[PDB]
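The basis for the numbers below is simple: all heavy atoms, side chains too, and nothing from hydrogens, waters or symmetry mates. Sequence lines set the chain letters: A, B, ... in the order given, protein chains first and strands last, and positions in each chain run from 1.
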Amino acid sequence: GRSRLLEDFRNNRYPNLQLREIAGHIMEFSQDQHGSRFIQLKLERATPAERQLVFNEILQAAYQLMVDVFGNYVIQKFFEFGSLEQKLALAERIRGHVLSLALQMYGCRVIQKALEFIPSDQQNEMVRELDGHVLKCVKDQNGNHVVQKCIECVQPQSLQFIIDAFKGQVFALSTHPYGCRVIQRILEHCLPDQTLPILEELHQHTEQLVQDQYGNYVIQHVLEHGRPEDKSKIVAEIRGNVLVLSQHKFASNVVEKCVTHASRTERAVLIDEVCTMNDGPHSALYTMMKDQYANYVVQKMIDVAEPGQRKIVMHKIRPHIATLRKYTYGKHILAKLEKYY
RNA sequence: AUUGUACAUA
């Protein structure tokens, strides 16, 4: 049961329509895939009065559009090209509905955009409604993105309640498909006294996390973006276990990160560790080269190893060229040695 | 990921 006006627009018989001419219909056009796209395109170049006209009609059933498959974009475009009065009046329509909007397929998109264009005051008010519902949002396909956005757009001073909810849950969340996403945002944006207790729990579970399909990304994040102290602990945990973790589908990516982002001395001792150790009847180095995951670690070491150490690593390898040619995964290592040998 | 792993609407 559409209207006559939208019908003729849907069938493309109004090639010069103006926002001024679809008055009384904005609500209906925003709920249509084309009407909406029509509005979205026109609002940026529209006149103040024209946009006030559009707003006049979206203001009363605002929530309704926020959770609509097509209407949410019209609300989103308002936070983008609306006036400060319009952005603030909308933030008011959301006031009281942050939680349910954040767990909504579309609402979650409006919250995320509003968090990008409303002033700090309205951001903080908006984020408080999340207090007491953190772990719930984080573990939600729609909400975890709302949470990630808050961490990215709001002053860390008002994000304490989130760090508190994670108290003793950093491992459960780090190994969670969404959770692991939120923890990284936090490592990237929160204050020193907030990241610290997060990091403590992380370091507590290094062993478990590097082997998790999701945990290995958090530890890798720390190695790529973290402070020396935290990198040192992690390389101290991988140290002595470079052989086993290299053969793991997930952990092998983490020891690649250590070899790379550790300090010079640390890096040098990690690479030496695979030369020394003896995996059963024969060297550990031989074991890695033939492995489906470890050959990647052995290769990453040959790249980061300084000339002095690479030389020895190459020399340690030279003995098994013959064996490398027969092992499928062994070829790739040989294909590197080959060059500068 | 190239011989190997994770993010949501027309």
**Item:** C1' gap between B:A6 and B:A10, integer Å
**Value:** 26 Å
**Request:** Just call it for A:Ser252: base, sugar-phosphate, or nothing, with non-hydrogen atoms closer than 4.0 Å on any strand.
**Result:** base
**Complete:** Which of A:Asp230, A:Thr195, A:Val170 passes side-chain contact (heavy atoms from CB on, under 4.5 Å) with A:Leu202? It is A:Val170
**Request:** For A:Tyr73, report the nucleic acid contact type (base, sugar-phosphate, nothing); a contact means any heavy atom under 4.0 Å.
**Result:** base
**Request:** Using a strict cut-off of less than 4.0 Å between a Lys/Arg side-chain nitrogen and an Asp/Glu carboxylate oxygen, indicate whether A:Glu306 and A:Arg264 qualify as a salt bridge.
**Result:** yes
**Asked** How far does the P atom of B:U2 sit from the matching atom of B:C7, given to the nearest Å?
**Response** 15 Å
**Prompt:** Which of parallel (below 30°), tilted (30 to 60°) and perpendicular (above 60°) describes A:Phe250 and A:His248?
**Reply:** tilted
**Message:** Work out how far the P atom of B:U5 is from that of B:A1, and round it to whole angstrom.
**Reply:** 8 Å
**Asked** Does a side-chain N-to-carboxylate-O contact under 4.0 Å join A:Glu28 and A:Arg2?
**Response** no
**Asked** What does A:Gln104 touch in the nucleic acid at a heavy-atom separation under 4.0 angstrom: a base, only the sugar-phosphate, or nothing?
**Response** nothing
**Request:** Report which part of the nucleic acid A:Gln211 touches: base, sugar-phosphate, or nothing (heavy-atom distance under 4.0 Å, all strands).
**Result:** nothing
**Request:** Name the first nucleotide and the last nucleotide along RNA chain B (5' to 3') that come under 4.0 Å of a heavy atom in chain A.
**Result:** B:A1 to B:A10
**Request:** Would you check if A:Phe29 and A:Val74 make a side-chain contact, meaning some heavy-atom pair closer than 4.5 Å?
**Result:** no
**4.5 Å side-chain heavy-atom contact, A:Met105 and A:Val67** = no
**Asked** Heavy atoms under 4.0 Å, any strand shown: does A:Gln247 hit a base, just sugar-phosphate, or nothing?
**Response** nothing
**Prompt:** Which is true for A:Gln40 with a 4.0 Å heavy-atom rule: it touches a base, it touches only sugar-phosphate, or it touches nothing?
**Reply:** base
